[PDB]
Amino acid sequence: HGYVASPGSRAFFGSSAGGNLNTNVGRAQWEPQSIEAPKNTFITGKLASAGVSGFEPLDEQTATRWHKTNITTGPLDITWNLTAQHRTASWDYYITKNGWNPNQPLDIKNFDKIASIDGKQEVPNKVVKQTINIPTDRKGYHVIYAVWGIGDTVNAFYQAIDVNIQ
């Protein structure tokens, strides 16, 4: 169990630690760490919730629905907080392509992978800090999809992150 705290994930921003910067986020208000589903679950319109019961409100998709963190292209620091550490296989990061439609359901086919970090089947610390590169053809509102792949289960934790790139 874990979430991306910086830049705050869509779920995390629904919690008090995240400033309640997103309203009406279902279970994400209280447990943004709990978006767990089998690996390689990428159902169109169900990326933000990973299809998980009680996280459905996260799947709404419009240009103005969600709070964005202002960022630049180039390096971006990602910080996870893990409420329950688990042996880890992988950390994968995706971002929406230039030209994507922020008023349509999220579809993984409209993202590129932009980073992949091997977990080495070790147990990470409670705070995990990684740096990924945001490609320079992205500007304005984009969604980063951060996926923590568990080493000793068939599951992963899924974190959609709303950013405004300038």
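We number the residues from 1 along the sequence you see.
Looking at mean Cα B-factors across 137-145 and 39-47, the upper value is held by 39-47.
When the C-alpha B-factors of 116, 34, 61, 29 are read from the PDB record, the largest value belongs to 116.
Residue-level temperature factors show residue 22 in the middle third of its chain, judged at the C-alpha atom. Annotation for residue 6: C-alpha temperature factor in the middle third relative to the rest of the modelled chain, per the entry. In the deposited entry, the Cα temperature factor of residue 73 places it in the highest third of its chain's modelled residues. Annotation for residue 65: C-alpha temperature factor in the middle third relative to the rest of the modelled chain, per the entry.
Sort the chain's modelled residues by C-alpha temperature factor and residue 164 lands in the middle third, per the entry.
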